[PDB]
Amino acid sequence: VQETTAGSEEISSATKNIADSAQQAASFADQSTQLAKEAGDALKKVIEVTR
Amino acid sequence: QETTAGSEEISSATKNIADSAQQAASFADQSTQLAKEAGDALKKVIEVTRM
């Protein structure tokens with residue numbers, strides 16, 4: 001039970017690290033998706049301008 | 001027996017996160033690579049425009 005609790009404690013520690021890292025990775029993925037759509041909305045009025 | 005059942009579902013979850021992570025890391029590499037070339041080709045459209 002002590003062996004198991006020690007491995008369970010490691011799984012828990014890792015599951016927090018994955019859960020905090022993914023919530024910040026996702027937030028930069030939604031910021032990056034917005035800066036791509038924005039830089040696209042910019043660039044198409046430079047394609048319209050070059051035309 | 002309940003722990004054994006749980007230890008199977010943790011393995012399924014571990015694998016689902018490991019696969020999701022690998023693929024997402026591939027997509028992130030493919031994404032950073034095209035934002036370098038798209039920006040290099042835009043630092044040339046700025047020179048054709050200013051020309």
# chains A, B, ... in the order shown; residues from 1 in each chain; ligands from 1
>>> interface_residues(of="chain B", to="chain A", cutoff="10 Å", atoms="only C-alpha atoms", output="PyMOL selection string")
chain B and resi 10+14+17+21+28+35+42+45-46+48-49
>>> atom_distance(atom1="CA of residue 30 in chain A", atom2="CA of residue 19 in chain B")
21.2 Å
>>> atom_distance(atom1="CA of residue 42 in chain A", atom2="CA of residue 39 in chain B")
13.2 Å
>>> residues_around(residues="residue 4 in chain A", least_positions_apart="3", cutoff="12 Å", atoms="only C-alpha atoms", output="ChimeraX atom specification")
/A:1,7-11 /B:3-4,7
>>> decode(residues="range 16-31 of chain B", atoms="N, CA, C and O atoms", output="PDB file, in the first residue's frame")
ATOM      1  N   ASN B  16      -3.866   7.792 -24.566  1.00  0.00           N
ATOM      2  CA  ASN B  16      -4.605   8.848 -25.254  1.00  0.00           C
ATOM      3  C   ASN B  16      -3.929  10.222 -25.165  1.00  0.00           C
ATOM      4  O   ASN B  16      -3.882  10.970 -26.146  1.00  0.00           O
ATOM      5  N   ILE B  17      -3.355  10.577 -23.993  1.00  0.00           N
ATOM      6  CA  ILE B  17      -2.595  11.808 -23.826  1.00  0.00           C
ATOM      7  C   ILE B  17      -1.260  11.744 -24.563  1.00  0.00           C
ATOM      8  O   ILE B  17      -0.900  12.691 -25.262  1.00  0.00           O
ATOM      9  N   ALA B  18      -0.520  10.615 -24.496  1.00  0.00           N
ATOM     10  CA  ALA B  18       0.738  10.431 -25.206  1.00  0.00           C
ATOM     11  C   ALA B  18       0.660  10.563 -26.729  1.00  0.00           C
ATOM     12  O   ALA B  18       1.521  11.165 -27.372  1.00  0.00           O
ATOM     13  N   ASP B  19      -0.403   9.997 -27.330  1.00  0.00           N
ATOM     14  CA  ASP B  19      -0.707  10.070 -28.743  1.00  0.00           C
ATOM     15  C   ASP B  19      -1.102  11.478 -29.132  1.00  0.00           C
ATOM     16  O   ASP B  19      -0.534  12.066 -30.054  1.00  0.00           O
ATOM     17  N   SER B  20      -2.068  12.078 -28.404  1.00  0.00           N
ATOM     18  CA  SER B  20      -2.482  13.471 -28.581  1.00  0.00           C
ATOM     19  C   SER B  20      -1.308  14.447 -28.526  1.00  0.00           C
ATOM     20  O   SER B  20      -1.175  15.322 -29.378  1.00  0.00           O
ATOM     21  N   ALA B  21      -0.402  14.285 -27.534  1.00  0.00           N
ATOM     22  CA  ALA B  21       0.811  15.069 -27.376  1.00  0.00           C
ATOM     23  C   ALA B  21       1.784  14.977 -28.550  1.00  0.00           C
ATOM     24  O   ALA B  21       2.124  15.999 -29.139  1.00  0.00           O
ATOM     25  N   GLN B  22       2.183  13.751 -28.974  1.00  0.00           N
ATOM     26  CA  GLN B  22       3.017  13.498 -30.153  1.00  0.00           C
ATOM     27  C   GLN B  22       2.559  14.234 -31.413  1.00  0.00           C
ATOM     28  O   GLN B  22       3.278  15.038 -32.014  1.00  0.00           O
ATOM     29  N   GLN B  23       1.308  13.961 -31.824  1.00  0.00           N
ATOM     30  CA  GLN B  23       0.640  14.578 -32.952  1.00  0.00           C
ATOM     31  C   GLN B  23       0.562  16.101 -32.853  1.00  0.00           C
ATOM     32  O   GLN B  23       0.932  16.813 -33.784  1.00  0.00           O
ATOM     33  N   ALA B  24       0.123  16.655 -31.702  1.00  0.00           N
ATOM     34  CA  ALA B  24       0.069  18.091 -31.482  1.00  0.00           C
ATOM     35  C   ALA B  24       1.436  18.773 -31.545  1.00  0.00           C
ATOM     36  O   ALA B  24       1.580  19.869 -32.082  1.00  0.00           O
ATOM     37  N   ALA B  25       2.497  18.090 -31.071  1.00  0.00           N
ATOM     38  CA  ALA B  25       3.876  18.516 -31.183  1.00  0.00           C
ATOM     39  C   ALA B  25       4.368  18.530 -32.626  1.00  0.00           C
ATOM     40  O   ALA B  25       5.107  19.425 -33.037  1.00  0.00           O
ATOM     41  N   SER B  26       3.912  17.562 -33.454  1.00  0.00           N
ATOM     42  CA  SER B  26       4.158  17.539 -34.896  1.00  0.00           C
ATOM     43  C   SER B  26       3.494  18.721 -35.591  1.00  0.00           C
ATOM     44  O   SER B  26       4.157  19.526 -36.240  1.00  0.00           O
ATOM     45  N   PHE B  27       2.172  18.911 -35.399  1.00  0.00           N
ATOM     46  CA  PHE B  27       1.430  20.081 -35.856  1.00  0.00           C
ATOM     47  C   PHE B  27       2.027  21.432 -35.459  1.00  0.00           C
ATOM     48  O   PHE B  27       2.007  22.385 -36.237  1.00  0.00           O
ATOM     49  N   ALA B  28       2.557  21.566 -34.225  1.00  0.00           N
ATOM     50  CA  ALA B  28       3.219  22.774 -33.764  1.00  0.00           C
ATOM     51  C   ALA B  28       4.547  23.045 -34.463  1.00  0.00           C
ATOM     52  O   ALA B  28       4.870  24.194 -34.759  1.00  0.00           O
ATOM     53  N   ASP B  29       5.317  21.990 -34.801  1.00  0.00           N
ATOM     54  CA  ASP B  29       6.511  22.084 -35.618  1.00  0.00           C
ATOM     55  C   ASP B  29       6.163  22.506 -37.048  1.00  0.00           C
ATOM     56  O   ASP B  29       6.723  23.468 -37.570  1.00  0.00           O
ATOM     57  N   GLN B  30       5.157  21.864 -37.684  1.00  0.00           N
ATOM     58  CA  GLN B  30       4.690  22.247 -39.013  1.00  0.00           C
ATOM     59  C   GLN B  30       4.159  23.686 -39.068  1.00  0.00           C
ATOM     60  O   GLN B  30       4.319  24.390 -40.065  1.00  0.00           O
ATOM     61  N   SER B  31       3.539  24.165 -37.970  1.00  0.00           N
ATOM     62  CA  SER B  31       3.028  25.525 -37.827  1.00  0.00           C
ATOM     63  C   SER B  31       4.103  26.587 -37.689  1.00  0.00           C
ATOM     64  O   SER B  31       4.040  27.634 -38.330  1.00  0.00           O
TER      65      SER B  31
END
